[PDB]
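Atom set for the values below is all heavy atoms of this structure, side chains included, hydrogens, waters and symmetry mates excluded. Reminder, nothing fancy here: chain letters follow the sequence lines and each chain counts from 1.
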Amino acid sequence: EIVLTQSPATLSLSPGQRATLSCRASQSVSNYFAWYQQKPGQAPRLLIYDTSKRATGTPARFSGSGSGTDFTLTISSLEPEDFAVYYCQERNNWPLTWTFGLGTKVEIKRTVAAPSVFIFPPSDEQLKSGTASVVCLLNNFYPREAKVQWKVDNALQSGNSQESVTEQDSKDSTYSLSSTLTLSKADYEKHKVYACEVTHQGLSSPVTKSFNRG
Amino acid sequence: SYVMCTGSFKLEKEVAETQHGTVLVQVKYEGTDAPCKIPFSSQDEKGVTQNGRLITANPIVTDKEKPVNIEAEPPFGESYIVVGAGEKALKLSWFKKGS
Amino acid sequence: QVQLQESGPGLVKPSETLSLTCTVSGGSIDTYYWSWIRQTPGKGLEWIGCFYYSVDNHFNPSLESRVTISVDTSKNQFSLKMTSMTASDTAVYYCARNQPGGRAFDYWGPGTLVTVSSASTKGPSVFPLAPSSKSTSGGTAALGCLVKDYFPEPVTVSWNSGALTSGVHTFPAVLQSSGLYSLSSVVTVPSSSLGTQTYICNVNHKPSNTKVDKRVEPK
């Protein structure tokens with residue numbers, strides 16, 4: 001029945017700034033809307049209810065408002081821990097149903113930070129399988145875009161690595177990123193030197209970490 | 001359909017008797033889940049709820065600022081008039097004279 | 001102190017029935033409304049249904065015909081039954097309490113991911129990511145665990161049974177060409193005390209009842 005449209009899809013603001021999230025309803029039902037905050041990997045958390053009342057644990061910087069057709073969540077002084085997706089919600093009387101908006105993703109801008117880089121040779125346990133994974137870690141950087149390259153005896157690799165990036169850290173708003181090269185144990189012994197080369201907007205000179213045992 | 005009101009009720013005006021052994025309870029609802037059905041029961045003095053005794057058919061809160069009149073026929077002697085559900089239940093003691 | 005805990009199978013083959021249980025603590029499910037809600041990446045949060053014990057139950061018109069709820073108050077549990085599971089029913093399923101006197105849901109379980117698939121459950125292999133001389137950035141050392149070759153999602157990782165959270169990054173899983181998932185969990189710590197502190201990663205893969213603790217030591 002009722003359809004909630006949230007604006008904007010994504011909000012990207014600096015800490016200390018004011019954030020306003022909109023929830024527009026296709027038709028009026030009640031004047032008592034709810035807001036949920038969902039941090040990475042957590043269940044949604046009741047944030048504001050009955051349009052303006054703070055749920056337990058909700059800080060003072062969160063306020064809600066709205067009349068009948070659109071409602072508003074305000075974050076007065078944005079802080080890094082507020083990185084989350086925020087959903088509005090209303091109950092439909094007839095037919096009876098509880099309905100959610102699609103959420104507004106709030107992202108936290110911060111100063112540029114260069115990655116700290118670490119490299120991990122394959123484990124002895126893994127080596128007595130058939131496979132060797134070498135892991136290169138880019139830790140605590142901002143913003144997201146980065147360039148990881150694998151060199152094996154200085155030959156540039158391609159086709160046997162995969163990457164994964166975290167969501168922004170709830171404390172310092174950085175990203176971390178893993179790149180995993182996967183070789184057979186056969187190919188892993190043919191070479192000695194294994195290097196991960198990292199370039200980033202905060203670096204100005206590519207950073208290589210390597211090892212040469214096994 | 002309707003949900004059962006899970007919020008708390010307060011007495012708006014005093015319970016009042018009638019010519020035909022019934023009582024008139026006016027309650028104002030404080031929840032925001034209206035429209036909803038008003039939970040109603042007649043717990044005896046043993047704390048155990050009693051069968052029927054409600055004269056109003058399907059009492060409902062439409063608007064939490066609009067009071068809702070309810071008519072009940074309590075038993076003789078000591079009983080409770082119970083409006084609301086579980087933890088947020090208004091438990092009104094009552095005595096009906098002359099059994 | 002009201003808390004809810006979903007328990008489910010992770011995997012359900014297509015066309016079979018999904019059975020989940022919610023176990024509540026901190027209050028009795030014999031009063032108030034309690035609901036099932038699911039969240040899918042593509043479609044968002046969707047309310048499934050609710051009950052008030054021995055009174056009534058309401059369901060989402062979209063799912064009414066496939067969905068039933070039962071209640072076992074002697075265990076403070078209630079369950080969801082969803083028949084004819086399709087691939088589009090893959091989602092995180094939550095149980096939750098409906099807010100008394102309100103229109104919202106005031107307490108939520110952590111949720112259980114349900115994957116509709118005909119592939120078989122596979123538990124992960126866990127390998128140390130040891131802090132060597134090539135994992136030191138000045139006074140800081142990184143270490144971790146590699147959690148390889150599992151299906152379906154998810155794996156969870158803690159460190160020292162929850163007592164080590166600062167500096168931990170557990171990466172989103174990658175899908176390998178094999179159809180199996182992989183992830184790493186890493187943590188940064190002082191380089192000076194690698195031989196005096198103890199770092200154990202606790203890997204949990206619920207779909208295969210796999211629990212692995214791996215000691216992570218240097219070399």
Side-chain angles (χ1 to χ4, degrees), chain A residues 1 29-30 32-36 38 41-46 48-50 53 55-56 87 89-91 95-103 116-126 129 131 133 135 137 139-140 162-167 169 171 175-178 180 182 209-211 213, chain C residues 4 35 37 39 43-47 50 58-62 92 94 96 98-99 102-111 125-138 140-144 146 148-149 156 166-167 169-176 182-184 186 188 214 219:
Chain A
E1 178 82 8
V29 181
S30 84
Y32 308 112
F33 272 53
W35 291 87
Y36 301 89
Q38 182 174 38
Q42 298 185 1
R45 184 97 157 79
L46 181 56
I48 296 282
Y49 69 94
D50 297 340
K53 301 170 185 173
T56 43
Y87 303 92
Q89 178 259 308
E90 165 63 311
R91 191 195 80 194
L96 184 65
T97 192
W98 290 250
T99 60
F100 295 79
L102 295 188
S116 304
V117 186
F118 308 90
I119 189 168
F120 297 95
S123 180
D124 277 2
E125 308 173 28
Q126 191 184 31
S129 301
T131 302
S133 313
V135 173
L137 171 64
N139 207 35
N140 293 352
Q162 297 194 264
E163 282 185 3
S164 181
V165 60
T166 58
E167 303 204 57
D169 180 86
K171 293 186 168 199
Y175 300 96
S176 292
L177 183 152
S178 82
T180 297
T182 293
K209 297 307 292 289
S210 56
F211 61 84
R213 286 159 71 90
Chain C
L4 308 89
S35 290
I37 302 167
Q39 181 178 24
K43 302 267 196 200
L45 285 149
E46 173 177 38
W47 170 79
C50 71
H58 308 270
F59 300 99
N60 196 335
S62 55
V92 172
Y94 302 99
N98 290 71
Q99 176 184 48
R103 304 171 86 80
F105 306 94
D106 49 1
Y107 297 94
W108 296 59
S125 301
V126 172
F127 307 103
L129 292 166
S132 49
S133 167
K134 324 300 167 187
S135 320
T136 160
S137 181
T140 289
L143 60 99
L146 173 64
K148 203 190 173 55
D149 294 333
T156 61
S166 184
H169 299 297
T170 297
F171 289 95
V174 299
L175 170 75
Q176 298 171 108
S182 192
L183 64 72
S184 288
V186 299
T188 53
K214 193 63 62 194
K219 176 49 230 171

Using non-hydrogen atoms and a 4.5 Å limit, figure out which bit of [X] sits close to chain C: side chain, backbone, both or neither.
| X | result |
| --- | --- |
| A:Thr182 | side chain |
| A:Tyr87 | side chain |
| A:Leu102 | side chain |
| A:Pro44 | both |

To check you understand the geometry: which heavy-atom pair defines the closest contact between [X] and [Y], and what is its length?
| X | Y | answer |
| --- | --- | --- |
| A:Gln89 | C:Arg103 | NE2-O, 3.0 Å |
| C:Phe127 | A:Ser123 | CB-CB, 3.9 Å |
| A:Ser164 | C:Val174 | CB-CG1, 3.7 Å |

For the residue pair A:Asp169 and C:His169, confirm or rule out a side-chain donor-acceptor distance under 3.5 Å.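 No, no side-chain donor-acceptor pair sits under 3.5 Å.
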
Parallel, tilted or perpendicular: rings of A:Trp98 and C:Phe105 (30°, 60°): tilted

C:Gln39, part contacting chain A, at a heavy-atom distance under 4.5 Å: side chain

Among A:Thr131, A:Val117, A:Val165, A:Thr56, who wins on heavy-atom pairs under 4.5 Å with chain C?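 Of the options given, most contacts go to A:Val165.
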
Close aromatic pair by centroid cut-off 6.0 Å: C:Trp47 and A:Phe100: no

Please identify, among C:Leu183, C:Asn98, C:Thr170, the residue contributing the most non-hydrogen atom pairs under 4.5 Å to chain A. C:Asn98

